Amino acid sequence: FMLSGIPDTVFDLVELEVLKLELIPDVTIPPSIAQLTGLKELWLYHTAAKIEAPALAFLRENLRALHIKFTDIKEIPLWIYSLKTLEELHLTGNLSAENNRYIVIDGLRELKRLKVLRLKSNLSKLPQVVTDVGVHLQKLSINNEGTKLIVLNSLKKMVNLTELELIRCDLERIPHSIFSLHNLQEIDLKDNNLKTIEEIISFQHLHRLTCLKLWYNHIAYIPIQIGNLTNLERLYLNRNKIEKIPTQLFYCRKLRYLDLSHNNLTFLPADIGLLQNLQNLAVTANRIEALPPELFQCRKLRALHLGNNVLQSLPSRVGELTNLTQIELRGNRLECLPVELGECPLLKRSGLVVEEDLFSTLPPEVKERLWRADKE
Amino acid sequence: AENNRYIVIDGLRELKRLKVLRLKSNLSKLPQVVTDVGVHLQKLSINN
Amino acid sequence: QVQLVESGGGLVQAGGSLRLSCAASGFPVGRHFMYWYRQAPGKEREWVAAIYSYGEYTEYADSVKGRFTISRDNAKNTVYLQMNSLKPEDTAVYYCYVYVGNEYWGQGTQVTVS
Numbered sequence: 433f434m435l436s437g438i439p440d441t442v443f444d445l446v447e448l449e450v451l452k453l454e455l456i457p458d459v460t461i462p463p464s465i466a467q468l469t470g471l472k473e474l475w476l477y478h479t480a481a482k483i484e485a486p487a488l489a490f491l492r493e494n495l496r497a498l499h500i501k502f503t504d505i506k507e508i509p510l511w512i513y514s515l516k517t518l519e520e521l522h523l524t525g526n527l528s529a530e531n532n533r534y535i536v537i538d539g540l541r542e543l544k545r546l547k548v549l550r551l552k553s554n555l556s557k558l559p560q561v562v563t564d565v566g567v568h569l570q571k572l573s574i575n576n577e578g579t580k581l582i583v584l585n586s587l588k589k590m591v592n593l594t595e596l597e598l599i600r601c602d603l604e605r606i607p608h609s610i611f612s613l614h615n616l617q618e619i620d621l622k623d624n625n626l627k628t629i630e631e632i633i634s635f636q637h638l639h640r641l642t643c644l645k646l647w648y649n650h651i652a653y654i655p656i657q658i659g660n661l662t663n664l665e666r667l668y669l670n671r672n673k674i675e676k677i678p679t680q681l682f683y684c685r686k687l688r689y690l691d692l693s694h695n696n697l698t699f700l701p702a703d704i705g706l707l708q709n710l711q712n713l714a715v716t717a718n719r720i721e722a723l724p725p726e727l728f729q730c731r732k733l734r735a736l737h738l739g740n741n742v743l744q745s746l747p748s749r750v751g752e753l754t755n756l757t758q759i760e761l762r763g764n765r766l767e768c769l770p771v772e773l774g775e776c777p778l779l780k781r782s783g784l785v786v787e788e789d790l791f792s793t794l795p796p797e798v799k800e801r802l803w804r805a806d807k808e
Numbered sequence: 529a530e531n532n533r534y535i536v537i538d539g540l541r542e543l544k545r546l547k548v549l550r551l552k553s554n555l556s557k558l559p560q561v562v563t564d565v566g567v568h569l570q571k572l573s574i575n576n
Numbered sequence: 001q002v003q004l005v006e007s008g009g010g011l012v013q014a015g016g017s018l019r020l021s022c023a024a025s026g027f028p029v030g031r032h033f034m035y036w037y038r039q040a041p042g043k044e045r046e047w048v049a050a051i052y053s054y055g056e057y058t059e060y061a062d063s064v065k066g067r068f069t070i071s072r073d074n075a076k077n078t079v080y081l082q083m084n085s086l087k088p089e090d091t092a093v094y095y096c097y098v099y100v101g102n103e104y105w106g107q108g109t110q111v112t113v114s
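From first to last, the protein sequence lines stand for chains C, D and I. Sequential numbering from 433 applies to the first sequence in PDB author numbering. Sequential numbering from 529 applies to the second sequence in PDB author numbering. Sequential numbering from 1 applies to the third sequence in PDB author numbering.
Take a look at the structure:
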């Protein structure tokens with residue numbers, strides 16, 4: 433970070449695979465970079481490096497990840513377009529320009545081997561070269577830093593894509609083109625100001641959709657139609673305006689990750705225990721009063737986040753869960769700790785989060801056993 | 529300010545991820561920029 | 001005041017067509033997503049079709065996709081569901097569903113296939 437140039441001793445290793453050069457002016461890529469052949473990741477932050485023919489030939493076959501964070505258009509080296517075996521790319525910097533839009537990325541076409549492309553470049557609209565390179569992509573990440581992103585039938589043409597992330601694209605409403613991507617398996621739309629997500633009724637067109645991410649939005653209510661997505665295992669809808677949970681949502685018995693923290697929840701439906709594969713529960717910062725009995729049906733509940741909740745008493749069924757690996761209780765108005773929590777074989781002191789002045793309320797035998805299990 | 533009050537802070541509309549806001553300026557009127565940007569604010573504090 | 005009423009149910013032969021009309025009063029049908037579900041005896045209620053609020057995008061149950069047709073007329077604030085190529089496997093009572101602040105299930109119309 434912030435050196436005069438490339439030291440010549442850094443070529444002393446063969447165990448290197450990630451190189452990160454940031455704010456290091458006028459670094460010329462020597463042929464001596466051949467001293468490390470297994471290197472596959474390279475970070476060039478705020479530095480357009482000058483390259484040599486042996487170095488370019490070496491990089492044309494033995495590089496996989498290139499990170500380009502640029503304060504200027506000229507800070508992007510041109511020669512990076514010549515590489516053929518690249519598979520991970522990252523372009524950070526506001527390349528959006530008037531009447532020369534997405535022209536700095538014209539050499540992206542030759543990256544046939546590419547599978548991963550991440551974009552944090554304040555792109556107001558979807559670039560055409562992105563559509564060109566989406567014929568064979570496996571992961572596309574777009575981050576506009578809250579800028580409104582417009583597609584208008586330009587994202588459905590990436591049939592081979594397997595992961596889609598449109599973070600802070602300010603869509604405010606799901607575009608239909610995403611439903612055309614039948615190969616798409618996991619979708620992330622974090623912080624896009626979503627208020628009505630009934631478009632999930634089209635999600636049945638995705639037969640391998642097992643994870644959905646629509647968190648950090650203004651979603652008021654969860655449509656019951658999400659019960660049609662039985663495949664889902666991880667569902668993320670926390671940081672929203674949800675006060676009630678539809679019962680039909682609990683038709684997806686495959687659900688394993690259910691995080692709904694920072695919401696207006698007050699009751700946990702009796703159907704929450706219908707999901708045997710439920711492994712992670714997170715309702716932190718809510719108004720939950722008590723744990724429903726069915727919530728203990730999931731014996732493999734390996735995570736439990738109950739913090740900042742108004743629970744009055746801890747149910748005694750918690751000891752019936754033996755796969756409990758971690759649970760946080762800090763921030764709750766509990767009179768005393770039930771001893772059943774102490775009978776979990778997988779539980780540890782570090783796994784448990786609770787106030788010491790109440791943690792001492794447990795009998796000394798249970799506390800000593802917990803400390804011993806924490807030690808080794 | 530006079531005839532340009534609550535105009536120098538009109539850039540507050542650009543901070544989309546702004547949540548908290550505390551103002552201690554002996555004001556008499558709610559800024560229009562703050563009025564528009566408060567749709568996503570979680571806490572607004574004023575100490576006139 | 002949000003009221004969903006179903007009309008057009010009854011008995012119909014296999015391979016025929018039937019019109020199910022869902023009428024709404026309290027809310028406009030132009031800006032609201034509408035849903036049609038069905039329930040058969042010995043089986044929990046099953047979703048059939050859904051219609052959007054923008055773009056006239058319509059989805060249907062894969063078992064009956066292409067067999068039924070859902071449309072809406074905003075002038076009468078109604079949803080028309082035309083069922084074609086009927087078979088005994090879809091003998092069920094069909095309900096109109098919406099969520100406007102709260103859930104709203106319609107009266108429903110039982111269609112039997114002979």
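The C-beta atom is built at its ideal place from N, Cα and C for all residues, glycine as well.
Excluding the 5 residues flanking it on each side, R496 (chain C) has same chain C-beta neighbours closer than 8 Å at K472, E473, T517, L518, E519 and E520, in chain order. Inclusion of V562 (chain D) and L549 (chain D) in the CB contact set at 8 Å is warranted, their separation being smaller than that value. For the region 50-72 of chain I, the beta-carbon criterion of a distance under 9 Å to any beta-carbon of chain C is satisfied by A50, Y52, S53, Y54, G55, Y57, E59, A61 and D62. Residue contact check for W36 (chain I) against chain C: no CB pair falls below 8 Å. Within chain D, the residues whose beta carbon sits less than 8 Å from that of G578 (chain C) are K544 and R545, listed in sequence order. Around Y94 (chain I), no beta-carbon contact reaches into chain C at under 8 Å, the shortest distance being about 16 Å.
By the rule that beta-carbons nearer than 8 Å mark a contact, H522 (chain C) does not touch chain I.
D623 (chain C) sits in coil when the DSSP states are folded into three classes, being neither helix nor strand. The beta-carbon of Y80 (chain I) is placed no less than 8 Å from the nearest beta-carbon of chain C.
When Cβ pairs closer than 8 Å are counted between the two stretches, the region 661-674 of chain C is seen to touch the region 626-645 of chain C, the count reaching three or more. Per the coordinates, the alpha-carbon of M590 (chain C) lies some 7 Å from the alpha-carbon of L569 (chain C). Under DSSP, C768 (chain C) forms no beta bridge with any residue. For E630 (chain C), the nearest beta carbon of chain I is closer than 8 Å to its own beta carbon. The C-alpha of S514 (chain C) is placed about 54 Å away from the C-alpha of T679 (chain C). Annotation for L4 (chain I): no alpha helix (DSSP H) segment contains it, though the beta strand (DSSP E) segment containing it runs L4 to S7.
Residue pairing from DSSP places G10 (chain I) in a beta bridge opposite I:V111.
Distance from the CA of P559 (chain C) to the CA of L510 (chain C), rounded to the nearest whole angstrom, comes to 18 Å. Three or more pairs of CB atoms, one per stretch, sit closer than 8 Å, so the region 576-586 of chain C contacts the region 597-610 of chain C. Distance between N575 (chain D) and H694 (chain C), taken at the CA atoms: about 28 Å. For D564 (chain D), the enclosing alpha helix (DSSP H) starts and ends at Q560 to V565. Identification of chain C residues near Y99 (chain I) by a Cβ-Cβ cut-off of 7 Å yields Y653 and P655, ordered along the chain. For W47 (chain I), at least one C-beta of chain C is nearer than 8 Å to its own C-beta.
For the 8 Å CB-CB criterion, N709 (chain C) and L687 (chain C) form a contact. DSSP, reduced to helix, strand and coil, places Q467 (chain C) within a helical segment of the structure shown. Using beta-carbon distances, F33 (chain I) counts as an interface residue toward chain C, with a partner under 8 Å.
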